[PDB]
């Protein structure tokens, strides 16, 4: 068809099956809801993200860990080969489309790639910047969330993949401090870029 779609994640944001690594290299479980479109070669991506002190995992309490403000989330079309944030199998429409139809076209501003790890922290300092106010509860007080978002080339086992990288940038240290209970939801974050291929 001229238009293909992909949907993945937890509509309730109550299943915490993806992964995000913060600037102190600490890995956490998170919830997400991902909706994507490939409209004749234009990739449109909608993303919600949620963290919850009760499900994210252990928060180290050393000063550096507790004061972390940035964390990275990766949307991938390569769920087995290059999937650092653990995007789940979802639903592609129509049946003749395949998830690789949702790869972004290569970023023409960046050609040195990130070497993929399962728990490595990558911090982009280039690209588009958006600003969100999050929905927070409890003692969590990150303030505004800045969002750096771009396609990034990623190398894994001699292959190159372009993924979508989101750097979520809290104004305040708060959510990675183990003394503070609460939750945070951000979205829907919209991002468009050229797709690698036509559907």
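Numbering follows the first chain given and starts at 1.
35 to 43 and 152 to 160 differ in mean CA B-factor, and the higher of the two is recorded for 152 to 160. When the two stretches 57 to 65 and 141 to 149 are set side by side, the higher mean Cα temperature factor goes to 57 to 65. Taking the PDB entry at face value, the top CA B factor among 72, 80, 76, 107 belongs to 80. Residue 25: CA B factor in the highest third of modelled residues in this chain (values from the PDB entry). When the modelled residues of the chain are ordered by C-alpha B-factor, residue 103 sits in the lowest third. Annotation for residue 193: CA B-factor lies in the lowest third of the chain's modelled residues. In the deposited entry, the Cα temperature factor of residue 129 sits in the bottom third of values across the chain's modelled residues. Ranked by C-alpha B-factor against the other modelled residues of its chain, residue 182 falls in the middle third.
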